[PDB]
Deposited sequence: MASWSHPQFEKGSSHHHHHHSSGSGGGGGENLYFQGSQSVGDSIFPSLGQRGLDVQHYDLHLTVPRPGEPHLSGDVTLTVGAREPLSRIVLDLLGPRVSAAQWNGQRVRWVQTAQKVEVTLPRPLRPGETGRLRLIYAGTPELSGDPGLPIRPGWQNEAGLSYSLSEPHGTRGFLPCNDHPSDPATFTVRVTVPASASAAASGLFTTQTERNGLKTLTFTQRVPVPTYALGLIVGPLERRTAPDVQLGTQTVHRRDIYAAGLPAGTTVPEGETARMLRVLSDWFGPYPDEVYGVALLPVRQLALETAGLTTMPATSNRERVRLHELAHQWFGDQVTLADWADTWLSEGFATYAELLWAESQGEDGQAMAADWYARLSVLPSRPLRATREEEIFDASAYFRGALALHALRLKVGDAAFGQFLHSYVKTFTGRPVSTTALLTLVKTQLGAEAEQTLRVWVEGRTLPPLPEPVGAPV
């Protein structure tokens, strides 16, 4: 029935393939949680579905339509359940439209944050990893089912808005502004950035990555601390370093939305949600790395968060070396940090664990061990192939190990496996060197 996630066993619907969310969100008073929504989901299926079952937590649906037609629906617990006139079968699509309104609820965990629709200091914004997007959007709230997004945000004329995707039009009537954003590459629900309140959009010159053009804009909310910046030149340099390692940047634009709040940063798509207290070079790199690892390559199961966070963390070492710093010393710093902490196999079994130090640093050292085993050329080739292999296909730890085995051989697979499996922390991975 549900996606069957090992950590959050009730989220999502088995076999559902949401392909596009067309969301019109209306936020009457930014900074206060009440809101209203008009969303049309374009949905397909991997198995015959007699119902469409979406996650929703807080708001109440008041109307539903299927292909422009009246349809049976019920809202029960944390789900909206839509009974179809006939089964939705693979290869077909339909349009499910839902009208809803009310107060998004924050999930209260274990987790670093209470994810969902945040409200503070005149700002409302999504910070919804892992499973908070369902607070303000009826959705298949699981990273195994990424989708494209077109968002129209209606706000009072004194406010502005920013969502993931390129900004096109802003219209205004009766004291209300409506802004349209189009996210054209599919990302998990939690990677939908959406911020309303006092903010300004600021463009920077395009970045050229060979034949690929990446547009540049950052969001600056009002009231940022003195010195809250995106240093000139930095984002282009990080885009070059990381894309040279991972393959083409997956999106049409990149930037950060700087918020005067105190909170973790989140890799929302092409527009990282960046509270000022997290605004550091290494964090900016890390969140950009997640545009590949997490947003493009998405998780089959939340137990495997290390494939996002370990890879994003390892990107910080790749960045550090590109800036002339000693990568092995950084790996040693990761190890020293872990050597006084409990360790675990990389596949998490508890919600407490999915963003813990093992997911970030034990996962990063796993990739360090692999890299030192196969050499830098093979390792960079492997990362390119990894991103291509799990584009349009959610990744798992088993699938990674299979790819390493076939691409890099059984010895490379065993090197990664000792880091993946095993309750005790392995020794620090160190260069072979001459005999």
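Colleague: Pop the missing stretches of the deposited sequence into a list, counting residues from 1 and keeping sequence order.
Modeller: Residues missing from the model, as numbered along the full deposited sequence, span 1-37, 147, 474.
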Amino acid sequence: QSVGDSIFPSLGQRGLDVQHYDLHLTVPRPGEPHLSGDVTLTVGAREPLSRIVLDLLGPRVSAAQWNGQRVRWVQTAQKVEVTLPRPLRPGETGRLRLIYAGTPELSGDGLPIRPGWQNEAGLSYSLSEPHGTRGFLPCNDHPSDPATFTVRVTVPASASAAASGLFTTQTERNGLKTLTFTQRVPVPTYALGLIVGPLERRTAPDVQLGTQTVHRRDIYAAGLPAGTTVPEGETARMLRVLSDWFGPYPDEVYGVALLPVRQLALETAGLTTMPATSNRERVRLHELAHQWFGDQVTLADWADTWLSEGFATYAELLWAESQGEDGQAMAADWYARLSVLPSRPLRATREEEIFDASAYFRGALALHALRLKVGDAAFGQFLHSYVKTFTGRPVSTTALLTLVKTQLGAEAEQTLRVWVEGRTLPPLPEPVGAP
From here on, numbers count along this sequence of modelled residues.
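Colleague: Which has the higher mean CA temperature factor in the PDB entry, 293-301 or 345-353?
Modeller: Going by the record's values, the stretch with the higher mean is 345-353.
Colleague: If you average the Cα B factors in the entry, which is higher, 207-215 or 179-187?
Modeller: Between 179-187 and 207-215, it is 207-215.
Colleague: Using the temperature factors in the entry, find which of 315, 157, 365, 269 has the highest value at its Cα atom.
Modeller: Out of 315, 157, 365, 269, the record gives the largest C-alpha B-factor to 157.
Colleague: Taking the values straight from the PDB record, which of 248, 310, 116, 198 has the highest C-alpha temperature factor?
Modeller: Among 248, 310, 116, 198, the PDB entry lists the largest C-alpha B-factor for 198.
Colleague: Comparing residue 258 with the other modelled residues of its chain, is its CA B-factor in the lowest, middle or highest third?
Modeller: Lowest third.
Colleague: Tell me, lowest, middle or highest third: where does the Cα B factor of residue 401 rank within its chain?
Modeller: Lowest third - that is where residue 401 ends up once the chain's C-alpha B-factors are sorted.
Colleague: Please rank the C-alpha B-factors of the chain's modelled residues and tell me whether residue 415 sits in the lowest, middle or highest third.
Modeller: Answer is lowest: the recorded C-alpha B-factor places it there.
Colleague: Name the third of the chain's ranked CA B-factors that contains residue 173, choosing lowest, middle or highest.
Modeller: Its C-alpha B-factor, which the entry lists for residue 173, ranks in the highest third among residues of this chain.
Colleague: Report the third (lowest, middle or highest) to which the CA temperature factor of residue 19 belongs, ranking only the modelled residues of the same chain.
Modeller: Middle third - that is where residue 19 ends up once the chain's C-alpha B-factors are sorted.
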